[PDB]
Amino acid sequence: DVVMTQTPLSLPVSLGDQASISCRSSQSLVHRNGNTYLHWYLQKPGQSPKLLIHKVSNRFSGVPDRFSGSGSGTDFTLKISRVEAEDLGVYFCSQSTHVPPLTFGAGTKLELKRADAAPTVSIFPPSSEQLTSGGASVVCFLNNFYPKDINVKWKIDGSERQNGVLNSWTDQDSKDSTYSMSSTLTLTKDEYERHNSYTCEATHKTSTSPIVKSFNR
Amino acid sequence: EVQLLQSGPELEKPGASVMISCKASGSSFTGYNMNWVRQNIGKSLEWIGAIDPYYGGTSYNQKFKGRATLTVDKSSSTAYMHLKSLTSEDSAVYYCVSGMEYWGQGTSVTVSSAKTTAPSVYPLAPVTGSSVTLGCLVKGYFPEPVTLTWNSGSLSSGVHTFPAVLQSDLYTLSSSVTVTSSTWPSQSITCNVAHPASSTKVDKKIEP
Amino acid sequence: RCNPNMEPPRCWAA
């Protein structure tokens with residue numbers, strides 16, 4: 001099967017910027033009949049994909065002029081000349097020269113730039129309600145940060161705990177263009193009660209040092 | 001303008017099968033092939049197969065090993081995808097795609113052994129510039145979805161409700177709310193959670 | 001049928 005490799009995986013832009021996304025195929029997509037079946041789709045958040053460009057450079061019905069496709073053989077590029085908000089989403093290339101199977105790249109996420117921002121970190125002990133039940137989840141929120149790359153570790157009495165951790169990340173915020181993350185560490189009540197110091201520890205571009213929030217049981 | 005309407009969310013057990021429909025209208029058709037493509041949690045896209053509405057011929061992705069069966073009901077402008085011997089791997093959003101141009105709205109398929117399960121709802125109390133952060137933990141439910149609000153929508157600014165994640169084999173969700181620090185605990189904050197599948201409706205006030 | 005705008009006119013469905 002033809003492997004489609006898109007780069008970069010994420011591309012922050014400001015509105016009005018030019019943006020450029022690449023797609024490389026593992027084989028020539030030039031068909032015997034002389035055509036090249038390389039296509040580009042955009043998937044906006046919460047929606048299904050929509051066709052933008054077919055056969056390398058042809059804009060699909062309704063697609064504006066600021067989108068332009070080019071390339072040949074195994075090297076292709078989608079350019080947006082002046083980015084608009086309606087353009088933000090995930091771009092996928094696909095090929096239908098060599099089939100079956102039709103194949104797709106993994107997608108490039110076009111996102112909005114903003115100034116870097118450190119997360120606001122809050123930590124929460126288990127509620128009484130949960131401890132009654134025999135469980136103990138400790139929760140950490142790391143909120144409204146930028147850029148989106150972030151790491152969290154849980155450290156209890158001076159040792160990291162990686163078992164029982166559940167993470168979730170939001171998509172870029174519509175108003176302020178930030179990201180947020182939630183990390184929950186689930187332990188038994190007996191385990192929770194065997195230790196005193198709980199810390200959520202993050203690394204982010206905005207500090208050279210780890211960012212910590214802690215409580216003592 | 002091909003409009004493609006897909007059938008609703010499916011939940012199946014491992015080993016079972018699923019059939020999804022796609023109703024074509026417009027617009028309208030040039031009788032192009034109907035393709036089926038799925039998209040997994042990671043947003044990657046995988047082509048399953050295509051059927052020609054006219055003569056009924058098909059082309060399948062070999063990797064499905066004939067677990068997939070595409071049909072058309074010409075008399076009703078309806079295409080179908082049937083997938084058997086389901087495993088958790090097959091959990092995805094499934095799309096029909098007419099001539100690879102127009103995409104349906106997608107059908108969620110969840111493959112799981114889990115039974116319907118009410119969540120436990122826990123308040124998350126603190127201990128901050130001008131502000132304080134509170135939260136709500138909705139743990140161990142099945143199936144999706146749940147809805148969650150704070151002081152019945154009163155607070156919506158500075159709320160973050162995180163995507164559910166499936167810490168095998170139940171869902172857990174959380175939500176934080178950020179308000180002016182002088183206003184809590186002096187004013188009541190409450191998490192409102194509903195999980196219709198289990199007839200769950202709860203309100204949890206967050207206490208100091 | 002084959003969609004010549006997206007695939008070869010002599011595609012598998014021809």
# chains A, B, ... in the order shown; residues from 1 in each chain; ligands from 1
$ closest_atom_pairs --of "chain A" --to "chain C" --cutoff "9 Å" --atoms "only C-alpha atoms" --output "CSV"
residue,atom,partner,partner_atom,distance
A:31,CA,C:8,CA,8.0
A:33,CA,C:8,CA,7.5
A:35,CA,C:8,CA,7.9
A:36,CA,C:7,CA,8.8
A:37,CA,C:7,CA,6.2
A:38,CA,C:6,CA,8.3
A:39,CA,C:6,CA,7.9
A:54,CA,C:6,CA,6.5
A:55,CA,C:6,CA,6.8
A:96,CA,C:7,CA,6.0
A:97,CA,C:7,CA,6.8
A:99,CA,C:12,CA,9.0
$ interface_residues --of "chain A" --to "chain B" --cutoff "8 Å" --atoms "only C-alpha atoms" --output "PyMOL selection string"
chain A and resi 47-51+100-107+120+122-127+129-130+141+166-170+180-182+215
$ write_last_selection --atoms "N, CA, C and O atoms" --output "compact mmCIF listing (two decimals), in the first residue's frame"
# COMPACT_ATOMS: atom_id res chain seq x y z
N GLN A 47 -16.64 18.27 12.65
CA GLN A 47 -17.26 18.02 11.37
C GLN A 47 -16.59 16.87 10.66
O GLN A 47 -15.52 16.34 11.05
N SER A 48 -17.21 16.54 9.56
CA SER A 48 -16.68 15.56 8.63
C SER A 48 -15.70 16.25 7.70
O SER A 48 -15.75 17.47 7.53
N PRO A 49 -14.81 15.48 7.09
CA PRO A 49 -13.92 16.11 6.11
C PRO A 49 -14.67 16.65 4.91
O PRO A 49 -15.80 16.19 4.62
N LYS A 50 -14.07 17.64 4.23
CA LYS A 50 -14.61 18.22 2.99
C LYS A 50 -13.48 18.27 1.99
O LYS A 50 -12.33 18.58 2.34
N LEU A 51 -13.80 17.98 0.74
CA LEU A 51 -12.83 18.03 -0.34
C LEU A 51 -12.44 19.47 -0.70
O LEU A 51 -13.31 20.33 -0.95
N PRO A 100 -6.68 -1.22 -4.76
CA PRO A 100 -6.91 -0.87 -3.35
C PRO A 100 -5.65 -1.07 -2.53
O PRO A 100 -4.85 -1.87 -2.93
N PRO A 101 -5.52 -0.42 -1.36
CA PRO A 101 -6.51 0.47 -0.78
C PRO A 101 -6.17 1.91 -1.12
O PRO A 101 -5.01 2.22 -1.21
N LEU A 102 -7.19 2.75 -1.26
CA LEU A 102 -7.03 4.19 -1.15
C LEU A 102 -6.36 4.48 0.21
O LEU A 102 -6.67 3.83 1.21
N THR A 103 -5.43 5.44 0.24
CA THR A 103 -4.74 5.82 1.49
C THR A 103 -4.66 7.33 1.74
O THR A 103 -4.83 8.14 0.83
N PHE A 104 -4.45 7.67 3.02
CA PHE A 104 -4.48 9.02 3.51
C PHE A 104 -3.23 9.28 4.32
O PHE A 104 -2.68 8.36 4.95
N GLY A 105 -2.79 10.53 4.36
CA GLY A 105 -1.83 10.95 5.35
C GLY A 105 -2.48 11.02 6.72
O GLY A 105 -3.71 10.91 6.84
N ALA A 106 -1.68 11.28 7.76
CA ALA A 106 -2.20 11.26 9.14
C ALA A 106 -2.75 12.60 9.55
O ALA A 106 -3.34 12.76 10.64
N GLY A 107 -2.54 13.58 8.69
CA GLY A 107 -3.13 14.87 8.91
C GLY A 107 -2.21 15.90 9.54
O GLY A 107 -1.30 15.59 10.32
N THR A 120 -2.02 27.60 34.66
CA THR A 120 -2.55 27.68 36.00
C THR A 120 -2.82 26.28 36.50
O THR A 120 -3.64 25.54 35.93
N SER A 122 -3.88 23.64 39.49
CA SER A 122 -4.64 23.42 40.73
C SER A 122 -4.65 21.93 41.07
O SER A 122 -4.84 21.08 40.19
N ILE A 123 -4.49 21.60 42.35
CA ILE A 123 -4.47 20.20 42.76
C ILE A 123 -5.57 19.94 43.78
O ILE A 123 -5.89 20.79 44.60
N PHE A 124 -6.16 18.76 43.72
CA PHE A 124 -7.33 18.42 44.51
C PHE A 124 -7.22 17.08 45.18
O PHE A 124 -7.07 16.04 44.50
N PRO A 125 -7.32 17.06 46.51
CA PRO A 125 -7.37 15.77 47.18
C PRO A 125 -8.65 15.02 46.89
O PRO A 125 -9.63 15.57 46.34
N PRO A 126 -8.67 13.73 47.24
CA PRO A 126 -9.91 12.97 47.10
C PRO A 126 -11.01 13.61 47.93
O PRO A 126 -10.71 14.13 48.99
N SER A 127 -12.24 13.59 47.44
CA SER A 127 -13.39 14.03 48.23
C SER A 127 -13.72 13.00 49.34
O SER A 127 -13.31 11.84 49.24
N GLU A 129 -16.56 11.92 49.98
CA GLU A 129 -17.53 11.06 49.36
C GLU A 129 -16.83 9.86 48.72
O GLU A 129 -17.24 8.72 48.92
N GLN A 130 -15.74 10.10 48.02
CA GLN A 130 -15.01 9.00 47.38
C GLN A 130 -14.28 8.12 48.40
O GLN A 130 -14.27 6.90 48.28
N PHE A 141 -5.46 19.98 37.57
CA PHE A 141 -5.77 20.71 36.34
C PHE A 141 -4.59 21.59 35.97
O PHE A 141 -4.02 22.31 36.82
N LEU A 166 -4.72 8.94 34.64
CA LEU A 166 -5.60 9.18 33.50
C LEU A 166 -5.56 10.65 33.06
O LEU A 166 -5.93 11.56 33.81
N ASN A 167 -5.12 10.88 31.83
CA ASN A 167 -4.96 12.22 31.30
C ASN A 167 -5.97 12.54 30.20
O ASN A 167 -6.35 11.66 29.41
N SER A 168 -6.40 13.80 30.14
CA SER A 168 -7.22 14.27 29.05
C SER A 168 -6.82 15.71 28.70
O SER A 168 -6.49 16.50 29.56
N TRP A 169 -6.84 16.05 27.42
CA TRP A 169 -6.38 17.35 26.95
C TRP A 169 -7.52 18.00 26.19
O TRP A 169 -8.25 17.33 25.47
N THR A 170 -7.70 19.31 26.29
CA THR A 170 -8.72 19.94 25.47
C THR A 170 -8.07 20.26 24.12
O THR A 170 -6.83 20.21 23.97
N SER A 180 -5.63 23.20 27.73
CA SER A 180 -5.78 22.80 29.11
C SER A 180 -5.68 21.30 29.18
O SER A 180 -5.91 20.58 28.18
N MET A 181 -5.36 20.83 30.37
CA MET A 181 -5.15 19.43 30.61
C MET A 181 -5.63 19.05 31.98
O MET A 181 -5.60 19.85 32.90
N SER A 182 -6.08 17.80 32.10
CA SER A 182 -6.53 17.27 33.38
C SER A 182 -5.82 15.93 33.55
O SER A 182 -5.66 15.14 32.57
N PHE A 215 0.06 19.10 47.97
CA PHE A 215 -0.61 19.21 49.27
C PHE A 215 -0.14 18.08 50.15
O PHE A 215 0.44 17.12 49.65
$ select_by_dssp --residues "segment 4-104 of chain A" --states "strand (DSSP E or B)" --output "number ranges by chain"
A: 4-7, 10-13, 19-25, 30, 36, 38-43, 49-54, 58-59, 67-72, 75-80, 89-95, 103-104
$ select_by_dssp --residues "segment 32-177 of chain A" --states "alpha helix (DSSP H)" --output "PDB file with C-alpha atoms, in the first residue's frame"
ATOM      1  CA  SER A 128     -14.809  12.506  51.486  1.00  0.00           C
ATOM      2  CA  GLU A 129     -17.535  11.064  49.360  1.00  0.00           C
ATOM      3  CA  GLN A 130     -15.014   8.998  47.379  1.00  0.00           C
ATOM      4  CA  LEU A 131     -12.948   7.953  50.382  1.00  0.00           C
ATOM      5  CA  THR A 132     -16.117   6.527  51.934  1.00  0.00           C
ATOM      6  CA  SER A 133     -16.404   4.298  48.894  1.00  0.00           C
TER       7      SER A 133
END
$ closest_residue --among "B:41, B:170, B:79, B:51" --to "chain C" --atoms "only C-alpha atoms"
B:51
$ atom_distance --atom1 "atom CA of residue 84 of chain A" --atom2 "atom CA of residue 206 of chain A"
27.7 Å
$ interface_residues --of "chain B" --to "chain C" --cutoff "7 Å" --atoms "only C-alpha atoms" --output "VMD selection string"
chain B and resid 31 to 33 52 54 57 99
$ residues_around --residues "residue 10 of chain B" --least-positions-apart "5" --cutoff "8 Å" --atoms "only C-alpha atoms" --output "NGL selection string"
:B and (18 or 107-110)
$ write_last_selection --atoms "C-alpha atoms" --output "tab-separated table (two decimals), in the first residue's frame"
chain	number	residue	atom	x	y	z
B	18	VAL	CA	-22.63	-3.93	13.17
B	107	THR	CA	-21.36	7.06	12.74
B	108	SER	CA	-19.73	6.33	16.10
B	109	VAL	CA	-19.13	2.64	16.72
B	110	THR	CA	-18.03	1.58	20.21
$ residues_around --residues "residue 143 of chain B" --least-positions-apart "3" --cutoff "8 Å" --atoms "only C-alpha atoms" --output "list in words"
residues 115, 116, 117, 170, 171 and 197 of chain B
$ write_last_selection --atoms "N, CA and C atoms" --output "PDB file, in the first residue's frame"
ATOM      1  N   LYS B 115     -21.229  -3.037  30.601  1.00  0.00           N
ATOM      2  CA  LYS B 115     -22.678  -2.880  30.701  1.00  0.00           C
ATOM      3  C   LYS B 115     -22.959  -1.475  31.158  1.00  0.00           C
ATOM      4  N   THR B 116     -24.205  -1.026  31.032  1.00  0.00           N
ATOM      5  CA  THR B 116     -24.566   0.334  31.411  1.00  0.00           C
ATOM      6  C   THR B 116     -24.258   0.511  32.885  1.00  0.00           C
ATOM      7  N   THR B 117     -23.638   1.633  33.219  1.00  0.00           N
ATOM      8  CA  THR B 117     -23.082   1.841  34.571  1.00  0.00           C
ATOM      9  C   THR B 117     -23.214   3.318  34.961  1.00  0.00           C
ATOM     10  N   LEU B 170     -14.504   1.674  31.563  1.00  0.00           N
ATOM     11  CA  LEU B 170     -15.536   2.661  31.835  1.00  0.00           C
ATOM     12  C   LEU B 170     -15.010   4.059  31.505  1.00  0.00           C
ATOM     13  N   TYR B 171     -15.913   5.013  31.354  1.00  0.00           N
ATOM     14  CA  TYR B 171     -15.501   6.368  31.041  1.00  0.00           C
ATOM     15  C   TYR B 171     -15.355   7.163  32.284  1.00  0.00           C
ATOM     16  N   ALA B 197     -28.440   7.240  30.174  1.00  0.00           N
ATOM     17  CA  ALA B 197     -28.493   5.799  30.023  1.00  0.00           C
ATOM     18  C   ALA B 197     -28.752   5.109  31.364  1.00  0.00           C
TER      19      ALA B 197
END
$ decode --residues "chain C" --atoms "C-alpha atoms" --output "PDB file, in the first residue's frame"
ATOM      1  CA  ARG C   1     -19.467   4.244 -11.413  1.00  0.00           C
ATOM      2  CA  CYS C   2     -15.920   5.644 -11.687  1.00  0.00           C
ATOM      3  CA  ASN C   3     -15.514   9.312 -10.871  1.00  0.00           C
ATOM      4  CA  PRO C   4     -13.029  10.510 -13.425  1.00  0.00           C
ATOM      5  CA  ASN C   5     -12.374  13.609 -11.294  1.00  0.00           C
ATOM      6  CA  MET C   6     -11.020  11.463  -8.438  1.00  0.00           C
ATOM      7  CA  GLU C   7      -9.837   8.229 -10.014  1.00  0.00           C
ATOM      8  CA  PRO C   8      -9.032   6.673 -13.374  1.00  0.00           C
ATOM      9  CA  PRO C   9     -12.024   6.438 -15.780  1.00  0.00           C
ATOM     10  CA  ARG C  10     -11.158   2.750 -16.219  1.00  0.00           C
ATOM     11  CA  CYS C  11     -11.262   2.044 -12.492  1.00  0.00           C
ATOM     12  CA  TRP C  12     -12.218  -1.245 -10.918  1.00  0.00           C
ATOM     13  CA  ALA C  13     -15.941  -0.376 -11.225  1.00  0.00           C
ATOM     14  CA  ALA C  14     -15.752  -0.017 -15.047  1.00  0.00           C
TER      15      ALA C  14
END
